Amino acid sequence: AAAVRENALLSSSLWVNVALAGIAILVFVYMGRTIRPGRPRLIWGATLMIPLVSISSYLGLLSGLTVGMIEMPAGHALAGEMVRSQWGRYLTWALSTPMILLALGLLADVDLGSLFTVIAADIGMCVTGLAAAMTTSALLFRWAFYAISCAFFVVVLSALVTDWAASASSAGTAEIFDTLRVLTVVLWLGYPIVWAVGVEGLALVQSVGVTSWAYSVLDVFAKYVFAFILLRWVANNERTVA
């Protein structure tokens, strides 16, 4: 009744995005039929990868493959108990968020050196966040990993709001880039907040069902809506892009 409820929250939060990522893929494929070869097409290709990885991630979680139990260390609000960790989320982020950055990079026509550094920071962010969730020896080390993950996040964010914006300005896409960059910054910021507030961090919210739904809602925006906005603009501005 709390377990019926917690289990009902968890499964619905996962099955919803299997459906939505599935539909996004179908929609995005259809939209690509009318998109002309060249830069518009390259962006579409990168963009389509985003829900492809996302739906994989959610099947990872649903199947039990990428979900485990983790013993919280002394000092944690749930010290001495096992908590369900959806570590599959952090893992697949390391592949899906570089696809987001690649679509943006193509859109803003960034320097390849900047692209490689950003994607590398992004992967560091994801792996250290995973380390934070997986660490059981001490509460200190969990939050130390969280802080390093934040430092990686700052590298990515800084690049977006400076060099990538600059690149977009001279590539003639600064207006759509700024929309998407603002969307990206706001929504990505939600993930470390969920982590911190949720059961793996401070556990202000102790329901893993609630924290799971929080990530799932963020994904709807940071992936599927982000991508739909991108593809709509590209399909309407193919010459600006080429």
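Sequential numbering from 1, following the sequence displayed.
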(Q) If you average the CA temperature factors as listed in the entry, which stretch comes out higher, 190-198 or 37-45? (A) 37-45
Q) Between 147-155 and 75-83, which has the higher average C-alpha B-factor in the PDB entry? A) 75-83
Q) With respect to the C-alpha temperature factors reported in the PDB entry, which of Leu61, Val53, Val27, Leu204 ranks highest? A) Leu204
Q) Among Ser57, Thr173, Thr184, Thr211, which residue carries the highest C-alpha B-factor recorded in the PDB entry? A) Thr173
Q) If you rank the chain by CA B-factor, which third does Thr117 end up in: lowest, middle or highest? A) middle
**Q.** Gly88 CA temperature factor, ranked by third within the chain
**A.** lowest
Q: Rank-wise, by C-alpha B-factor, drop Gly129 into the lowest, middle or highest third of its chain.
A: lowest
Q: Would you check the entry's CA temperature factor for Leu102 and let me know if it's in the chain's lowest, middle or highest third?
A: middle
Q: Ordered by C-alpha B-factor within the chain, which third holds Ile23? Give me lowest, middle or highest, please.
A: middle
